[PDB]
Amino acid sequence: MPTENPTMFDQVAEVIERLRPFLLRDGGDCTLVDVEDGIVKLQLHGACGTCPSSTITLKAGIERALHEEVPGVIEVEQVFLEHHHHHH
């Protein structure tokens, strides 16, 4: 029982908004919906499409990175709000 110092929310929120500008450029924008002991839930959104083929790849990309940079999770619900692409 240390202290309720800048908890995860602060960090994630902090790093998120920081990387946001970069994510928007390539992927989109992330949004934390709920912080749990493992059953976290966020929402990705780059714009508004219908069948994103790139977001799917990126999705698994971030997830993997998160788990790797944060081993101990059990599940994560990342709901994307669509994000089509110019072409290819």
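Position 58, counted from 1, in the sequence shown is what the numbering used here calls 138; the numbers after and before it change by one each time, with no gaps. By construction, the Cβ of each residue, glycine as well, lies at the ideal position given by its N, Cα and C atoms.
In terms of DSSP beta bridges, what is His147 paired with? According to DSSP, which records beta bridges pairwise, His147 is partnered with nothing at all.
Taking three-plus beta-carbon pairs below 8 Å as touching, is the segment 88-96 in contact with the segment 124-132? no
Tell me which residue opens and which closes the beta strand (DSSP E) that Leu122 is part of. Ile119 to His125
Output yes or no for whether 8 Å exceeds the beta carbon distance between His163 and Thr135. At the C-beta level, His163 and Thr135 come within 8 Å of one another.
Identify the continuous beta strand (DSSP E) that holds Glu97 and give its terminal residues. Run containing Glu97: none in the beta strand (DSSP E); it sits in the alpha helix (DSSP H), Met88 to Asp106.
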